[PDB]
Amino acid sequence: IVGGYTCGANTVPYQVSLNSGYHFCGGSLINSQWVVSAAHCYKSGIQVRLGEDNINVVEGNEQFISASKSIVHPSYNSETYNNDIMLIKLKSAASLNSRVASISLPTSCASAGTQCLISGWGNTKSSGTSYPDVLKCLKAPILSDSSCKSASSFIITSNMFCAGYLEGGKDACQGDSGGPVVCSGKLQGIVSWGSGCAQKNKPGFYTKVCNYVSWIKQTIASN
Ligand SMILES: N=C(N)NCCC[C@@H](NS(=O)(=O)Cc1ccccc1)C(=O)NCC(=O)NCc1ccc(C(=N)N)cc1
Ligand SMILES: [Ca+2]
Ligand SMILES: [Cl-]
């Protein structure tokens, strides 16, 4: 997260860190046994870390739980990032409390202009690199579909929205991948892609979760 602020410990209780020896992606807890992340975060050897603030210090509210199953969206396209969404089942159910909580799935899609909360342990710099150990947060508006298309020379589908600041300076970044975009208490986005971070006219692109509620619910019900 570039140009954001320190969330505060466990203020984003649905935020998870995906760990394979080191933090490599964010994710969102949607019930006691299931995390939603980005398909581009796919790998084996994933341990899910809940209750985290400082990812380098055991602070006392963590739960570490191995993944038993990962399901990449049937139509994920790694060239375009279309359908960049993946579900992870936990080997055991997380113990839910004020610091480890699920986030509601949306009933309707969000609109352009809504300020949403984006969070993660990703790079905090637009040029060069610096990784925080505590969770970073950012409020960013959803941009109009037309504005997003005008600002990119890459494929944009109806399964994406863009959000952020066309003047640059504030955005998600590498390491925030798979993490939440929350708008009025609903999980509306997943950190997917963008050209650099926090660059002029290069806003962040996000998987549009409202298009996938059906798939998410059916998949969880049958697995
Ligand atoms: N087909 C398309 N759409 N091509 C354009 C995007 C490709 C790629 N962009 S990229 O290489 O600049 C991503 C990047 C890598 C290292 C350091 C900073 C940023 C990219 O984003 N790859 C996936 C990725 O790295 N996702 C992580 C991510 C998360 C947030 C942002 C952001 N600025 N909001 C960017 C990348
Ligand atoms: Ca910790
Ligand atoms: Cl571009």
# chains A, B, ... in the order shown; residues from 1 in each chain; ligands from 1
$ closest_atom_pairs --of "chain A" --to "ligand 2" --cutoff "6 Å" --atoms "only C-alpha atoms and all ligand atoms" --output "CSV"
residue,atom,partner,partner_atom_place_in_ligand_line,distance
A:52,CA,ligand 2,1 (Ca),4.7
A:53,CA,ligand 2,1 (Ca),5.4
A:54,CA,ligand 2,1 (Ca),4.4
A:55,CA,ligand 2,1 (Ca),4.2
A:56,CA,ligand 2,1 (Ca),5.7
A:57,CA,ligand 2,1 (Ca),4.4
A:58,CA,ligand 2,1 (Ca),4.2
A:59,CA,ligand 2,1 (Ca),5.1
$ residues_around --residues "range 28-39 of chain A" --least-positions-apart "6" --cutoff "8 Å" --atoms "only C-alpha atoms" --output "ChimeraX atom specification"
/A:14-16,72-73,76,83-96,101-105,177-180,190-192,207,220
$ write_last_selection --atoms "C-alpha atoms" --output "mmCIF file, in the first residue's frame"
data_model
loop_
_atom_site.group_PDB
_atom_site.id
_atom_site.type_symbol
_atom_site.label_atom_id
_atom_site.label_comp_id
_atom_site.auth_asym_id
_atom_site.auth_seq_id
_atom_site.Cartn_x
_atom_site.Cartn_y
_atom_site.Cartn_z
ATOM 1 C CA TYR A 14 -10.986 -10.309 8.041
ATOM 2 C CA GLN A 15 -7.534 -9.551 6.546
ATOM 3 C CA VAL A 16 -5.295 -12.604 6.263
ATOM 4 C CA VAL A 72 -8.839 -21.295 -8.688
ATOM 5 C CA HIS A 73 -11.833 -19.856 -10.581
ATOM 6 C CA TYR A 76 -9.150 -17.647 -14.526
ATOM 7 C CA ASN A 83 -11.646 -13.997 -13.132
ATOM 8 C CA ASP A 84 -8.676 -13.357 -10.805
ATOM 9 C CA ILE A 85 -10.262 -15.051 -7.793
ATOM 10 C CA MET A 86 -9.489 -18.184 -5.740
ATOM 11 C CA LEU A 87 -10.974 -19.905 -2.711
ATOM 12 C CA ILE A 88 -8.922 -21.533 0.043
ATOM 13 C CA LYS A 89 -10.372 -23.995 2.513
ATOM 14 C CA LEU A 90 -8.804 -24.184 5.962
ATOM 15 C CA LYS A 91 -7.679 -27.548 7.368
ATOM 16 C CA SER A 92 -9.523 -26.614 10.584
ATOM 17 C CA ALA A 93 -12.133 -23.976 11.378
ATOM 18 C CA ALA A 94 -10.795 -20.623 12.577
ATOM 19 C CA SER A 95 -11.899 -19.533 16.037
ATOM 20 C CA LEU A 96 -13.927 -16.356 15.452
ATOM 21 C CA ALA A 101 -13.858 -12.046 11.815
ATOM 22 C CA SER A 102 -15.414 -12.818 8.456
ATOM 23 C CA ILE A 103 -16.389 -10.063 5.963
ATOM 24 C CA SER A 104 -19.871 -10.060 4.329
ATOM 25 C CA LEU A 105 -20.159 -10.917 0.645
ATOM 26 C CA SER A 177 -2.278 -9.068 -4.116
ATOM 27 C CA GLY A 178 -5.369 -11.114 -3.109
ATOM 28 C CA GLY A 179 -6.311 -8.682 -0.328
ATOM 29 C CA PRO A 180 -9.675 -6.944 0.373
ATOM 30 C CA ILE A 190 -9.738 -8.315 -4.524
ATOM 31 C CA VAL A 191 -6.324 -6.690 -5.286
ATOM 32 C CA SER A 192 -5.598 -7.935 -8.815
ATOM 33 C CA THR A 207 -11.561 -8.362 -9.162
ATOM 34 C CA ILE A 220 -18.368 -23.530 -0.443
#
$ residues_near_ligand --ligand "ligand 1" --cutoff "10 Å" --atoms "only C-alpha atoms and all ligand atoms" --output "PyMOL selection string"
chain A and resi 1-2+25+38+40-41+77-82+84+118+122-123+125-129+152-156+162-164+168+170-179+190-199+202-206
$ atom_distance --atom1 "CA of residue 47 in chain A" --atom2 "CA of residue 69 in chain A"
11.2 Å
$ select_by_dssp --residues "range 58-204 of chain A" --states "strand (DSSP E or B)" --output "VMD selection string"
chain A and resid 63 to 72 86 to 90 97 100 104 115 to 120 136 to 142 160 to 163 171 180 to 183 186 to 193 199 202 204
$ write_last_selection --atoms "N, CA and C atoms" --output "compact mmCIF listing (two decimals), in the first residue's frame"
# COMPACT_ATOMS: atom_id res chain seq x y z
N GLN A 63 -3.86 -16.85 14.51
CA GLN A 63 -4.13 -18.28 14.28
C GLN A 63 -3.47 -18.66 12.97
N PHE A 64 -2.62 -19.68 13.03
CA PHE A 64 -1.97 -20.22 11.83
C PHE A 64 -2.65 -21.54 11.46
N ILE A 65 -3.21 -21.59 10.24
CA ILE A 65 -3.94 -22.76 9.78
C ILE A 65 -3.61 -23.10 8.32
N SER A 66 -3.18 -24.33 8.09
CA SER A 66 -2.88 -24.80 6.75
C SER A 66 -4.10 -24.86 5.85
N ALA A 67 -3.87 -24.66 4.56
CA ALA A 67 -4.91 -24.85 3.56
C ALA A 67 -5.05 -26.34 3.32
N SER A 68 -6.29 -26.82 3.25
CA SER A 68 -6.56 -28.19 2.82
C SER A 68 -6.87 -28.32 1.32
N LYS A 69 -7.39 -27.24 0.74
CA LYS A 69 -7.78 -27.21 -0.68
C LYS A 69 -7.73 -25.77 -1.18
N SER A 70 -7.23 -25.60 -2.41
CA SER A 70 -7.31 -24.33 -3.12
C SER A 70 -8.10 -24.56 -4.41
N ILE A 71 -9.02 -23.64 -4.70
CA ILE A 71 -9.81 -23.72 -5.91
C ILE A 71 -9.68 -22.39 -6.67
N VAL A 72 -8.91 -22.42 -7.75
CA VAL A 72 -8.84 -21.30 -8.69
C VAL A 72 -10.13 -21.23 -9.51
N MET A 86 -9.82 -16.82 -6.16
CA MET A 86 -9.49 -18.18 -5.74
C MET A 86 -10.00 -18.38 -4.34
N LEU A 87 -10.51 -19.58 -4.05
CA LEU A 87 -10.97 -19.91 -2.71
C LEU A 87 -10.00 -20.85 -2.03
N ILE A 88 -9.82 -20.69 -0.72
CA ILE A 88 -8.92 -21.53 0.04
C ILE A 88 -9.69 -22.05 1.23
N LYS A 89 -9.78 -23.38 1.34
CA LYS A 89 -10.37 -23.99 2.51
C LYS A 89 -9.31 -24.27 3.57
N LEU A 90 -9.65 -23.93 4.81
CA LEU A 90 -8.80 -24.18 5.96
C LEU A 90 -8.91 -25.63 6.45
N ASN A 97 -13.66 -14.33 16.72
CA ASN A 97 -13.63 -13.40 17.88
C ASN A 97 -13.49 -11.95 17.36
N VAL A 100 -10.56 -11.74 14.82
CA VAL A 100 -10.61 -12.66 13.68
C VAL A 100 -12.08 -12.80 13.31
N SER A 104 -18.67 -9.78 5.13
CA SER A 104 -19.87 -10.06 4.33
C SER A 104 -19.59 -10.01 2.84
N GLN A 115 -16.09 5.51 -1.44
CA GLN A 115 -14.74 5.37 -0.85
C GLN A 115 -14.68 4.02 -0.13
N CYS A 116 -13.73 3.20 -0.56
CA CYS A 116 -13.58 1.84 -0.04
C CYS A 116 -12.25 1.67 0.67
N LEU A 117 -12.20 0.70 1.59
CA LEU A 117 -10.99 0.43 2.38
C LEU A 117 -10.22 -0.76 1.82
N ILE A 118 -9.00 -0.45 1.40
CA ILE A 118 -8.07 -1.40 0.81
C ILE A 118 -6.91 -1.57 1.79
N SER A 119 -6.46 -2.82 1.98
CA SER A 119 -5.47 -3.10 3.01
C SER A 119 -4.46 -4.19 2.67
N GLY A 120 -3.28 -4.14 3.29
CA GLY A 120 -2.24 -5.09 2.95
C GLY A 120 -0.87 -4.77 3.48
N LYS A 136 -1.13 -2.05 6.57
CA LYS A 136 -1.45 -0.72 6.00
C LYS A 136 -2.82 -0.66 5.34
N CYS A 137 -3.42 0.54 5.35
CA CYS A 137 -4.79 0.75 4.93
C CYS A 137 -4.86 1.97 3.98
N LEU A 138 -5.88 2.00 3.13
CA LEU A 138 -6.07 3.11 2.21
C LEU A 138 -7.53 3.25 1.87
N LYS A 139 -8.03 4.49 1.92
CA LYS A 139 -9.36 4.79 1.37
C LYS A 139 -9.20 5.28 -0.07
N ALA A 140 -9.92 4.64 -0.99
CA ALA A 140 -9.84 4.94 -2.42
C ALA A 140 -11.21 4.80 -3.05
N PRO A 141 -11.57 5.74 -3.94
CA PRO A 141 -12.86 5.71 -4.62
C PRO A 141 -12.87 4.75 -5.80
N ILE A 142 -14.00 4.10 -6.02
CA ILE A 142 -14.20 3.35 -7.25
C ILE A 142 -14.29 4.36 -8.39
N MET A 160 -13.86 -6.73 -13.68
CA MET A 160 -12.90 -5.87 -13.00
C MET A 160 -13.53 -4.49 -12.72
N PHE A 161 -13.05 -3.81 -11.68
CA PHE A 161 -13.28 -2.37 -11.58
C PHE A 161 -11.95 -1.75 -11.27
N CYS A 162 -11.80 -0.46 -11.54
CA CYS A 162 -10.59 0.18 -11.05
C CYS A 162 -10.94 1.19 -9.97
N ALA A 163 -9.97 1.47 -9.11
CA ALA A 163 -10.17 2.38 -8.02
C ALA A 163 -8.87 3.09 -7.74
N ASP A 171 -2.18 4.06 -3.82
CA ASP A 171 -2.58 2.83 -4.54
C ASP A 171 -2.19 1.64 -3.69
N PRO A 180 -8.32 -7.50 0.43
CA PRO A 180 -9.67 -6.94 0.37
C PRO A 180 -9.78 -5.49 -0.09
N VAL A 181 -10.88 -5.20 -0.77
CA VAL A 181 -11.41 -3.87 -1.01
C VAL A 181 -12.78 -3.94 -0.39
N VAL A 182 -12.95 -3.22 0.71
CA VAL A 182 -14.22 -3.28 1.39
C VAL A 182 -14.95 -1.93 1.26
N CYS A 183 -16.22 -2.01 0.90
CA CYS A 183 -17.08 -0.82 0.68
C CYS A 183 -18.39 -1.01 1.42
N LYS A 186 -19.01 -4.50 2.88
CA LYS A 186 -19.09 -5.65 1.94
C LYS A 186 -17.76 -5.81 1.22
N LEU A 187 -17.38 -7.06 0.98
CA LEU A 187 -16.19 -7.34 0.21
C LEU A 187 -16.52 -7.14 -1.27
N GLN A 188 -16.14 -6.00 -1.84
CA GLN A 188 -16.43 -5.72 -3.25
C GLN A 188 -15.29 -6.02 -4.22
N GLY A 189 -14.06 -5.98 -3.72
CA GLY A 189 -12.90 -6.21 -4.62
C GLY A 189 -11.82 -7.09 -4.00
N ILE A 190 -10.95 -7.59 -4.88
CA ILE A 190 -9.74 -8.32 -4.52
C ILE A 190 -8.60 -7.65 -5.31
N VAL A 191 -7.49 -7.33 -4.65
CA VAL A 191 -6.32 -6.69 -5.29
C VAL A 191 -5.83 -7.62 -6.40
N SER A 192 -5.92 -7.13 -7.65
CA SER A 192 -5.60 -7.93 -8.82
C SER A 192 -4.35 -7.46 -9.59
N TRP A 193 -4.40 -6.27 -10.18
CA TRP A 193 -3.29 -5.79 -11.01
C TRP A 193 -3.22 -4.28 -11.14
N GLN A 199 1.16 5.40 -9.79
CA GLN A 199 1.58 6.21 -10.94
C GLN A 199 0.41 6.99 -11.52
N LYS A 202 -2.62 5.46 -13.89
CA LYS A 202 -2.42 4.03 -13.83
C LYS A 202 -3.03 3.55 -12.51
N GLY A 204 -5.40 1.28 -9.74
CA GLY A 204 -5.37 -0.13 -9.35
C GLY A 204 -6.60 -0.81 -9.89
$ closest_residue --among "A:211, A:184, A:150, A:218" --to "ligand 3" --atoms "only C-alpha atoms and all ligand atoms"
A:150
$ select_by_dssp --residues "range 11-157 of chain A" --states "helix (DSSP H, G or I)" --output "PyMOL selection string"
chain A and resi 39-41+145-150
$ write_last_selection --atoms "C-alpha atoms" --output "PDB file, in the first residue's frame"
ATOM      1  CA  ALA A  39      -6.015 -16.558  -8.477  1.00  0.00           C
ATOM      2  CA  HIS A  40      -2.579 -15.086  -9.243  1.00  0.00           C
ATOM      3  CA  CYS A  41      -1.697 -15.858  -5.581  1.00  0.00           C
ATOM      4  CA  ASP A 145     -15.682   1.973 -16.010  1.00  0.00           C
ATOM      5  CA  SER A 146     -15.158   4.538 -18.789  1.00  0.00           C
ATOM      6  CA  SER A 147     -12.412   6.351 -16.803  1.00  0.00           C
ATOM      7  CA  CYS A 148     -10.611   3.035 -16.116  1.00  0.00           C
ATOM      8  CA  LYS A 149     -10.663   2.093 -19.850  1.00  0.00           C
ATOM      9  CA  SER A 150      -9.463   5.528 -20.913  1.00  0.00           C
TER      10      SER A 150
END
$ closest_residue --among "A:124, A:23, A:62, A:111" --to "residue 6 in chain A" --atoms "only C-alpha atoms"
A:124
$ closest_residue --among "A:185, A:27, A:8, A:21" --to "residue 108 in chain A" --atoms "only C-alpha atoms"
A:185
